[PDB]
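Listed next as structure tokens is one chain, alone, in the form deposited in one PDB entry.
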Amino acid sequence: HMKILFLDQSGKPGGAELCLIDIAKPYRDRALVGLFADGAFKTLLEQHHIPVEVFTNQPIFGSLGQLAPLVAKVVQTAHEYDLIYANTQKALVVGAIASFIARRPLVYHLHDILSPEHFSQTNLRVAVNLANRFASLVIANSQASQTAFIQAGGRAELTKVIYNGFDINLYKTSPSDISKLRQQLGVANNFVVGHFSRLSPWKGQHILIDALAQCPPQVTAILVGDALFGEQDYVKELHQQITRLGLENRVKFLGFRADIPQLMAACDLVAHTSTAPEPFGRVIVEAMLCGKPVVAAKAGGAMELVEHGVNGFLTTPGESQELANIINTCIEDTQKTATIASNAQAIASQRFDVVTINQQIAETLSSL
């Protein structure tokens, strides 16, 4: 049973970090998760009985540590573990360094699409070179990510695609609880479109909002998720968009919620609307596992998760009218829509069961 030091730059519970809980959990006995900032994510790992430590760049190897204490601390810690598992870009930088100095093999779990759209040239160059030189293995969360890695100059022979896994039990809610929650929200007699991405222009909440202007008034949207600071302009732009379309009573922000399965159960349609390619899209799968019909943007790993008209729908990114037509089709073809949504659950529960992903990972790890 390996000793694994996991590293993640964020103290916040984003996709990558949510995914790491499931990645790490089977190793929680002899493992540790290193965060480069404190926040909600630490609590989760605590709540999941995973050892976590927050590293800082405060002072206290060699003298070179004064340049970057965080790195020195991590390098020091790395001596105690058999493996460095880096879950984000910054964690790859630090984990490369500590891989070399502490003489421990390094795994890069890639949750991003390394394209010019998504990141600066510099970030692409660094990640590719550090991975190519120091990573024993690059686990990609999707083929779209693997492909982007390769096109940015990454070494194909290092890559292995492994999708996110999910606890299937967590995705079932009582139909009373659904009635309760729809009530509490004041949407019980609406057609509820749920959007579950953190608030950020490229997640395209503003595309959905534009689409409501072409839907009948019983169609309402809940926007769930927070804004990561820097994107507070976007939060303004949404409310100014709503005001400008008279949608004040049809769009609700709940901010960041821990009760996503329940909320998905309370929706009628889950919508993924990213205007830039999505590496994976946890929400897409999550919807499918909650028996809900999902529409998604046709790019990135979304196209791997959904086939249009069989287990979900797919629309041109940034095209609100197209999204509207799907919402309206859902309203009418009740029988079809529910078939698609029930198939989606069956199919998705095969690919993405956390049990099958965890063994796909452990097999991958022990083979080096």
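One-based numbering along the sequence shown. Think of the rigid core as the biggest set of C-alphas that the two forms share within 1.5 Å after superposition.
One more form of this protein exists, namely the form deposited in another entry; it is left out here, but the text below deals with it.
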For the list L158, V283, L181, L289, which one shows a CA move of 2 Å or more between the shown form and the other one after the core is fit?
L181
How about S200 - superposed on the rigid core, does its CA move between the shown form and the other one by 2 Å or more?
yes
Large Cα move at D226 between the shown form and the other one, threshold 2 Å, rigid core:
yes
Is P26 displaced by at least 2 Å at its C-alpha between the shown form and the other one when the rigid core is overlaid?
no
